[PDB]
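S.K.: Would you mind keeping the following structure in view while I ask a few things?
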Amino acid sequence: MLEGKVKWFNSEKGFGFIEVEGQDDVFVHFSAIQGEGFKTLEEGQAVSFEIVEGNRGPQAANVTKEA
């Protein structure tokens with residue numbers, strides 16, 4: 001369990017990327033980092049997730065907005 005910080009989001013284009021110190025840019029989509037009700041985000045949004053290792057490299061999967 002760690003925290004990530006948006007590098008930039010492209011929710012409209014169907015995806016957004018997070019960037020975290022000690023790791024690379026976590027791939028993000030408004031479906032995993034989402035939550036109760038349809039949400040959206042701006043730059044500077046810090047989220048919490050668990051990066052794993054898959055074919056395209058390390059990536060978050062069940063991320064969530066940091067409260």
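Letters A, B, ... mark the chains of the structure tokens in the order given; residue numbers begin at 1 per chain; ligand numbers begin at 1, in order shown.
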List every residue of chain A that DSSP, applied to the backbone of this structure, assigns to strand (DSSP E), and report them as an MDAnalysis selection string.
M.R.: chainID A and resid 2:10 15:19 25:28 46:49 52:54 57:59 64:65
S.K.: Just N, CA, C and O atoms for this one: save the residues we selected as a compact mmCIF listing (two decimals), in the first residue's frame.
M.R.:
# COMPACT_ATOMS: atom_id res chain seq x y z
N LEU A 2 0.80 2.05 -1.04
CA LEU A 2 1.63 3.30 -1.12
C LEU A 2 0.80 4.45 -1.73
O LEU A 2 -0.36 4.28 -2.08
N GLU A 3 1.37 5.63 -1.83
CA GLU A 3 0.61 6.80 -2.39
C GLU A 3 1.22 7.25 -3.72
O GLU A 3 2.42 7.20 -3.93
N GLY A 4 0.38 7.71 -4.61
CA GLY A 4 0.86 8.19 -5.95
C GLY A 4 0.41 9.64 -6.17
O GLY A 4 -0.48 10.13 -5.49
N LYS A 5 1.00 10.32 -7.13
CA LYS A 5 0.59 11.74 -7.40
C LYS A 5 0.49 11.97 -8.91
O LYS A 5 1.43 11.73 -9.64
N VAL A 6 -0.65 12.42 -9.37
CA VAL A 6 -0.84 12.67 -10.85
C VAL A 6 0.32 13.42 -11.49
O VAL A 6 0.75 14.47 -11.05
N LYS A 7 0.70 12.92 -12.63
CA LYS A 7 1.70 13.61 -13.47
C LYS A 7 0.84 14.43 -14.45
O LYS A 7 1.18 15.53 -14.84
N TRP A 8 -0.31 13.87 -14.79
CA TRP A 8 -1.31 14.52 -15.68
C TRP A 8 -2.47 13.51 -15.86
O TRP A 8 -2.24 12.30 -15.83
N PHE A 9 -3.69 13.96 -16.04
CA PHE A 9 -4.83 12.99 -16.24
C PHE A 9 -5.49 13.24 -17.60
O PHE A 9 -5.63 14.37 -18.05
N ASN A 10 -5.91 12.18 -18.25
CA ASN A 10 -6.59 12.29 -19.57
C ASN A 10 -7.91 11.53 -19.46
O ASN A 10 -8.27 10.73 -20.31
N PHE A 15 -8.08 7.76 -19.93
CA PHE A 15 -6.96 7.28 -19.03
C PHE A 15 -6.15 8.45 -18.43
O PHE A 15 -6.15 9.55 -18.94
N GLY A 16 -5.44 8.20 -17.35
CA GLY A 16 -4.61 9.26 -16.69
C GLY A 16 -3.31 8.60 -16.15
O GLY A 16 -3.31 7.41 -15.88
N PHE A 17 -2.22 9.32 -16.00
CA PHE A 17 -0.97 8.70 -15.49
C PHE A 17 -0.58 9.31 -14.13
O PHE A 17 -0.64 10.52 -13.93
N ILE A 18 -0.15 8.48 -13.22
CA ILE A 18 0.30 8.96 -11.87
C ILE A 18 1.82 8.86 -11.84
O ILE A 18 2.40 8.05 -12.52
N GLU A 19 2.47 9.65 -11.04
CA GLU A 19 3.95 9.57 -10.94
C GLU A 19 4.32 9.44 -9.46
O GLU A 19 3.78 10.15 -8.62
N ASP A 25 5.92 6.20 -13.43
CA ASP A 25 4.55 6.76 -13.64
C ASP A 25 3.50 5.63 -13.60
O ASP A 25 3.38 4.86 -14.53
N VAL A 26 2.71 5.54 -12.55
CA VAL A 26 1.64 4.49 -12.48
C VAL A 26 0.55 4.74 -13.52
O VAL A 26 0.02 5.83 -13.63
N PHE A 27 0.19 3.72 -14.25
CA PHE A 27 -0.91 3.85 -15.25
C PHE A 27 -2.21 3.98 -14.47
O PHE A 27 -2.41 3.27 -13.49
N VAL A 28 -3.09 4.87 -14.84
CA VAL A 28 -4.35 5.02 -14.06
C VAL A 28 -5.55 5.21 -14.99
O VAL A 28 -5.46 5.80 -16.05
N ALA A 46 -3.44 13.31 -5.18
CA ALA A 46 -2.64 12.19 -4.61
C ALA A 46 -3.58 10.99 -4.38
O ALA A 46 -4.64 11.13 -3.80
N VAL A 47 -3.20 9.82 -4.85
CA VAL A 47 -4.09 8.62 -4.66
C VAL A 47 -3.31 7.50 -3.96
O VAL A 47 -2.10 7.51 -3.89
N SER A 48 -4.02 6.52 -3.44
CA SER A 48 -3.36 5.37 -2.74
C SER A 48 -3.64 4.08 -3.52
O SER A 48 -4.76 3.80 -3.88
N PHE A 49 -2.62 3.31 -3.79
CA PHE A 49 -2.82 2.04 -4.56
C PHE A 49 -1.69 1.04 -4.26
O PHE A 49 -0.82 1.30 -3.45
N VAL A 52 1.79 -3.30 -8.99
CA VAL A 52 2.18 -4.72 -9.21
C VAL A 52 3.09 -4.74 -10.44
O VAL A 52 3.43 -3.69 -10.98
N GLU A 53 3.48 -5.90 -10.91
CA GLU A 53 4.37 -5.95 -12.12
C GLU A 53 3.70 -6.79 -13.20
O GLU A 53 3.50 -7.98 -13.05
N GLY A 54 3.34 -6.17 -14.30
CA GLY A 54 2.67 -6.92 -15.41
C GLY A 54 3.40 -6.66 -16.73
O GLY A 54 4.35 -5.89 -16.78
N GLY A 57 4.95 -3.40 -17.49
CA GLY A 57 5.77 -2.80 -16.39
C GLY A 57 4.92 -2.66 -15.10
O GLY A 57 3.81 -3.16 -15.05
N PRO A 58 5.47 -1.98 -14.10
CA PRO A 58 4.75 -1.76 -12.82
C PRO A 58 3.49 -0.91 -13.06
O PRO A 58 3.51 0.03 -13.85
N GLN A 59 2.41 -1.24 -12.41
CA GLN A 59 1.13 -0.47 -12.61
C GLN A 59 0.20 -0.61 -11.39
O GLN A 59 0.11 -1.66 -10.79
N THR A 64 -7.14 4.35 -5.24
CA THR A 64 -8.30 5.09 -4.66
C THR A 64 -7.84 6.52 -4.31
O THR A 64 -6.70 6.73 -3.93
N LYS A 65 -8.71 7.50 -4.43
CA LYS A 65 -8.31 8.91 -4.11
C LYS A 65 -7.89 9.02 -2.64
O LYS A 65 -8.53 8.48 -1.75
S.K.: Using Å and a single decimal, report how far atom CA of residue 32 of chain A sits from atom CA of residue 63 of chain A.
M.R.: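 Between atom CA of residue 63 of chain A and atom CA of residue 32 of chain A the gap is 5.7 Å.
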S.K.: Report, in Å to a single decimal, how far apart atom CA of residue 66 of chain A and atom CA of residue 41 of chain A are.
M.R.: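 Atom-to-atom, atom CA of residue 41 of chain A and atom CA of residue 66 of chain A are spaced 11.6 Å apart.
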S.K.: Could you check how far atom CA of residue 20 of chain A sits from atom CA of residue 38 of chain A, in Å to one decimal?
M.R.: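 Answer for the atom CA of residue 20 of chain A to atom CA of residue 38 of chain A separation: 24.6 Å.
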S.K.: From the set A:56, A:29, A:50, A:1, which residue has the shortest atom-to-atom contact distance to residue 13 of chain A, counting only C-alpha atoms?
M.R.: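 Once distances to residue 13 of chain A are computed over only C-alpha atoms, the minimum belongs to A:29.
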S.K.: Ranking A:61, A:67, A:21, A:11 by minimum distance to residue 39 of chain A and counting only C-alpha atoms, which one comes first?
M.R.: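 Checking each of A:61, A:67, A:21, A:11 against residue 39 of chain A, counting only C-alpha atoms, the winner is A:11.
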